[PDB]
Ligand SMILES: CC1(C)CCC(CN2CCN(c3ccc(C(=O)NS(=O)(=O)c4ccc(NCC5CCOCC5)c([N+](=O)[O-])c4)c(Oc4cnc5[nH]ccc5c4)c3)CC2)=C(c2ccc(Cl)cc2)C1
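Consider the single chain below, provided in structure tokens and representing the form deposited without the named molecule.
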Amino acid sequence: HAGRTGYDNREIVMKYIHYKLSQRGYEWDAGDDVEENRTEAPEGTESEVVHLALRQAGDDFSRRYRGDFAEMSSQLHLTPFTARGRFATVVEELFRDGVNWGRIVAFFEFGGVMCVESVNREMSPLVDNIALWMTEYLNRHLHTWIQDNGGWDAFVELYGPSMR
């Protein structure tokens, strides 16, 4: 019914990478794309379990396979003039066969691997372009399916705990 209640698409993608990257400690902060983080007011109650879950599913799933994705990142080259194109291919195959929650969570973890790889090879700035590209596809093609499957509310409930 149209309505309105965005879930911070830009914050959802950046948040995921912020955590997956934090594992190393390398202070990213997106990239001078935010003076401070006070503007946000203590409210919403619509993205407290969706993130926790989405962030969990990635590990619970990515760890389940441990065969592709992570190591699969070796295929792609390594540079700002590479991730761009390759990104399209990698993602293309991700949802090549219909889109689904589990498939989405996989798309996230993937982007996180490519990013960390940049800062590893002295390509920190590359991590910025990554988070961006991902965000795009997220709202571009994923948006349609997102609401189709039930929207964030569907995600949170799907991979969300049991009253916690």
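For every residue, the number given is its place in the sequence shown, counted from 1.
The protein also exists as the form solved in complex with the named molecule; that form is not presented, and the subsequent description refers to it.
Although the chain is displayed without it, the named molecule can be placed by superposition from its pose in the deposited bound form; doing so yields three or more atoms within 2.4 Å of backbone or C-beta atoms, and the site is blocked. The named molecule is not shown here, but in the deposited bound form it comes within 4.5 Å of a heavy atom of residue 69. Residue 102 belongs to the set of residues with a heavy atom inside 4.5 Å of the named molecule in the deposited bound form. Taking non-hydrogen atoms only, residue 49 never approaches the named molecule to within 4.5 angstroms in the deposited bound form. Residue contact with the named molecule in the deposited bound form: residue 132 places no heavy atom within 4.5 Å of it.
Scanning 105-131 for heavy atoms within 4.5 Å of the named molecule in the deposited bound form gives 105, 106, 109, 110, 113 in sequence order.
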